[PDB]
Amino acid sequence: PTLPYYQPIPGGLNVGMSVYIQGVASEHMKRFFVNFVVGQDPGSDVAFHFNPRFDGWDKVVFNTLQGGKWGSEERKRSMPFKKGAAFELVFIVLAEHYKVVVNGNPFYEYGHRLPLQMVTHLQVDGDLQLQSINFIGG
């Protein structure tokens, strides 16, 4: 796949589905993001924004964008990615949350703030190369 990536999720999200992303973090990475989007047009709500950042004390930010407004960020001050390194990034869609798994290691559970049933698109962009995106268990 080429970046930016912004594609419909086949059949939408359902509990039990996984999004499996294989990529390589840029040697000079500052950030990248994965968005679960309600729609495809500019201004669309983002049910789940997953945002690793290497600026400062390395961390991953998690949030939701609704009606043009970012909600209260969640943050985990641990960085499972590495500049220049390949990664395997998995989002397991469960009833209560998105379960994030990185390189086989469970990393975070982000509670749903918008209904998973209303997510239509996946958007990926930033300082990485994308090798593949697969939807499993749809």
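Each residue number is its position in the shown sequence, starting from 1.
Quiz prompt | 90 to 98 or 23 to 31, whichever carries the higher mean Cα B-factor | solution = Comparing 23 to 31 with 90 to 98, the higher average CA B-factor belongs to 23 to 31.
Quiz item: Quick one: higher average CA temperature factor, 7 to 15 or 115 to 123?
Solution: Stretch with the greater average CA B-factor: 7 to 15.
Exercise. Name the residue from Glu109, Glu74, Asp45, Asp58 with the greatest C-alpha temperature factor listed in the entry.
Key: Result of the comparison over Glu109, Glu74, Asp45, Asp58: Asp58.
Exercise. Check the PDB entry and point out which of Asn51, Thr64, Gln40, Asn103 has the largest C-alpha temperature factor.
Key: The listed residue with the largest C-alpha B-factor is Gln40.
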